[PDB]
Structure formats: structure tokens, C-alpha cells
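Peer 1: First the structure, which I've put down as C-alpha cells, then a few questions once you've had a look.
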Amino acid sequence: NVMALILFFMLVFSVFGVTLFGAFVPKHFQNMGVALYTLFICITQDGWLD
Amino acid sequence: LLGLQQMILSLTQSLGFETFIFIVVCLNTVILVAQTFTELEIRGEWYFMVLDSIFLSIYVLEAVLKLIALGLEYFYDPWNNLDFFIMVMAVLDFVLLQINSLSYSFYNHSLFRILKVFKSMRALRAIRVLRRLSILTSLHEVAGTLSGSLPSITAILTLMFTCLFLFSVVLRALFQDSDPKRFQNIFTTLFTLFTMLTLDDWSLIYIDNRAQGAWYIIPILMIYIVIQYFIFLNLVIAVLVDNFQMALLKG
Amino acid sequence: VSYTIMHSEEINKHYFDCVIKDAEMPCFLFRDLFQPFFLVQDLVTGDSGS
């Protein structure tokens, strides 16, 4: 249930993300699976200064 | 009309709000998850904004109905206040697009990005009014037991806000004429503080600071890192551990 | 044509042809900034300048 709630909040905040994403600051915020998993990387919270 | 109009509006509001609002908001959310969709917008760009404006018109009809409705009690609901702000902002962007002419920059400008995140919280409100049914009681209870201990977490985040501001102030004070090209202003200083609070290349900070001529800034940064890290992480972890541990001890 | 297509793929970083796809005539989108490039061909010899 914690997995489900975290993923649902993650999606409903990614609707905010994808409005900033795609065709600009690209290649990690694009494709909508790469964007979701890059935001998941930033959730895992290590080495996002790249 | 009067109280009789308010009562008729209440009954027909129940009926037509159960029937009409649910289906049109479901269609709005379908066309909006097709809208965002940064692959299918090029398979489109002409049937997407049309439906967006049509359902924004549906939303302004919802706002007109809520305005003609009971009023102050509608304003008493924070979600309804969010919807009211969302629709004031929405009709503002709609009339801004409608008037045309103008004298400022356009063609995917900063204002356009603002209107896009505007459509974003409109989609969020569409989701929040779609989830009226079957949220599931297990995560109802999980969310309630999570939100039970609000004063402790608010106090802890306030205390770390104060601590982060103080550390940013002392770091910017001690970094004067010491390569601040990374933290030349208050925003970049607080963002570098966010990086040190989130364990992001502070070893790199150490290596490129002893690459400079200042060395005593490193033990100060380290002691601040360890004290605020241990204190904040431990306090929040223990607070939420006990927050659900009373619910554990109960039924 | 090739340089124009690369410019469209490098500025807006996306491209989409028409529904009725034609090889000799490509299709251009409104939302993309248009920047043509032009060649000078000397039919009497080999070279092809810009």
C-alpha cells in the first residue's frame, strides 16, 4: 500500500513535471518513462548535481 | 430567486453533479492524459487544444453554477477554494489568449509555461474530483494515521528551515571572495545548502575547496553537515515511528 | 533538404511528416522555427557549395 500511495503521488506530481519537460532540457525528462525513472532516481536522492 | 431557489439548487445540484460532472471530468482527464503525453501531441496539436478549451468552458460552467449556489458554505471548503482560484486563473489565461494583439513576448514564453502548469493543477483538481468513489479503506487508514501527527513534523521542518537559513547565512558570509560562482546569490546559496543537506557531491565540495586556499571552511562544513543530518533525520524517523506506533498499540 | 531537416531536428529536437508521406517533398510543422539552407550546384562540374 505504501508502494501504491508513493507511486500515485509520484504520478500526480509528474503531471506537474511533464509540463516543464520534453523538447527542452531533454534526453532525461523526455519519453515519459525516462522522465518518470529519472525523477525516481532523484527520489532515491544520490548524485543529482549532473 | 431565494431560499426556494437555494433548495431547488441543492437537490438538482446533487443530481446533476452526480451525473453530469463525473462524466465530463472523466472525459477531461482522458483528454488531459492524452494532452500531456509528449509523444502524441505531434499526433495532434489541432484536436487537443480545442477539447482543452471546450472542457475549460465546461469548468467555467461549473464555476458559474457554484457561484449561483449556496455561496459562503461553498467558500468554507478549502478544496472548493482551490477550485475557485484555479478557475479565476483559468478564465484569466483564457481571456489573455482571446484578446490577442498585446505587446509582450509570446510563442512558448514563460507566461505560456505558467499557463501549462496552470493546466497541470487543473488536471490535479480533475483527479481529486474523480476520486470521490472507492479510495480504499486500507489507505484511508494509512493516510489518516500518517496525517495524525502534523504539529511535530511542522515544528521539525520549521526548526530545520531556521537551521538551513542560518547555515546558508554563515556559509555565504565565510565564502566572500572565495569562488562564489556557484552560490553568487541567495537562491544559489540555499540550493548549495540543499545539496549538502541531500548528500550531493559534498566530497566534491571538499576536493575543490582544498583545491582553493581555504582549508578551515571544510571542518566547519563537516560539523554542520553531521549535526543537522543526524538531528533532523533521527527526529523525523523517531517521530513517525511513534506516530504509527500508537496506532499499532491501538486496534 | 538534409541540412534543413537536421536543423529542424536540432532546434525543436522533434520532427513529424504529413499523413500522406512523400519522399521528394517533406512536410513542415508550424510550431517549429523555420530556417532554410541553400546550395549552389555547378552542373558543368562536380562541386556543390553552400
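Peer 1: What distance in nm separates the two pseudo spin-label positions at B:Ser134 and B:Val33, each 7 Å out from Cα along the beta-carbon direction?
Peer 2: 1.4
Peer 1: Kindly point out which whole DSSP H helices in chain B project their C-alpha atoms 24 angstrom or further along the helix axis while averaging a Kyte-Doolittle hydropathy of -0.5 or above.
Peer 2: Helices meeting the criterion: B:49-68, B:78-99, B:110-130, B:150-174, B:217-249.
Peer 1: Here is a follow-up. According to a simple spin-label model (label point 7 Å from Cα along Cα-to-Cβ), what is the distance in nm between A:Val2 and B:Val241?
Peer 2: 1.3
Peer 1: Work out the FRET efficiency for B:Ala211 and B:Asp177 from their Cβ-Cβ distance, taking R0 = 25 Å, and round it to the nearest 0.05.
Peer 2: The calculated FRET efficiency here is 0.95.
Peer 1: Within 10 Å of each Cβ of B:48-54, how many other protein chain Cβ atoms are there on average?
Peer 2: Average neighbour count from other chains, rounded to a whole number: 0.
Peer 1: Per-residue counts of other Cβ atoms within 10 Å, averaged by peptide: what ranking do you get for B:70-76, B:119-125, highest first?
Peer 2: B:119-125, B:70-76
Peer 1: Now, a different point. Would you mind computing Rg(Cα) / (2.2 N^0.38 Å) for chain B, counting N as its residues?
Peer 2: In units of the globular-protein estimate, chain B measures up at 1.42.
Peer 1: Could you list log10 I(q)/I(0) for the stretch B:143-202 at q = 0.16, 0.20, 0.24 Å⁻¹, which the Debye formula gives when each Cα is one point scatterer?
Peer 2: Treating every Cα as an identical point scatterer, log10 I(q)/I(0) equals -0.59, -0.77, -0.96.
Peer 1: Continuing with the same structure: Can you tell me which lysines have their Cα less than 16 Å from the Cα of A:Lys27? Leave out same-chain residues fewer than eight positions away.
Peer 2: Counting by Cα, and skipping residues close in sequence, A:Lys27 has these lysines nearby: C:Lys13.
Peer 1: Still on this model: Can you pull the one-decimal nm distance between simple spin-label points at B:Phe17 and B:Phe230, each 7 Å off the Cα toward Cβ?
Peer 2: The answer from the label model is 5.4 nm.
Peer 1: Per residue of B:111-120, count partner chain C-beta atoms within 10 Å of its C-beta, then hand back the mean as an integer. Don't skip to the end; give the middle numbers.
Peer 2: Numbers: counts 0, 0, 3, 1, 1, 4, 5, 1, 2, 9.
Across B:111-120, the average partner-chain Cβ count within 10 Å equals 3.
Peer 1: Please state, to two decimals, what the Cα-based radius of gyration of the protein assembly as shown comes to when divided by 2.2 N^0.38 Å (N = residues).
Peer 2: Expressed relative to 2.2 N^0.38 Å, the Cα Rg reads 1.33.
Peer 1: Okay, next question. Quick check of the Kirkwood formula: for the stretch B:80-161, what is the inverse mean of 1/r over all pairs of different Cα atoms, in Å? Before the final figure, lay out each step's value.
Peer 2: Working: mean 1/r = 0.0611 Å⁻¹.
About 16.4 Å for the stretch B:80-161.
Peer 1: Once every DSSP H run of n ≥ 4 in chain A is given -39500 (n - 2.57) and the sum is divided by its residues, what mean residue ellipticity at 222 nm do you get, rounded to the nearest 500 deg cm²/dmol? Could the numbers behind the result be given before it?
Peer 2: Values: 2 runs with 28 residues, N = 50.
-18000 deg cm²/dmol, from helical runs alone.
Peer 1: Select from the stretch B:175-210 those trypsin sites (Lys or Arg not before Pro) which occupy a DSSP coil region and have at most 11 other Cβ atoms within 10 Å, ordered by residue number.
Peer 2: Numbers: sites: B:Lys181, B:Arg182, B:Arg210; in loops: B:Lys181, B:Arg182.
The qualifying sites are B:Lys181.
Peer 1: For an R0 of 45 angstrom, estimate the FRET efficiency from the Cβ-Cβ distance between B:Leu150 and C:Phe38 and round to the nearest 0.05.
Peer 2: Working from the Cβ atoms, E equals 0.10.
Peer 1: Using only Cα atoms, locate the centre of the stretch B:44-108 and the centre of chain A, then give the distance between them in Å, rounded to an integer.
Peer 2: If we compute the Cα centre of each part, the gap is 27 Å.
Peer 1: Moving to a separate point now. Report, as an integer, the average count of C-beta atoms from other chains found within 10 Å of each Cβ along A:14-21.
Peer 2: Mean partner shielding for this stretch: 6.
Any read-out appearing in this document is the output of simple, stated calculations on the displayed coordinates, not a laboratory observation. When we count neighbours, we look across all protein chains shown, and the Cβ atoms used for this are built from the backbone with ideal geometry, even at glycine.
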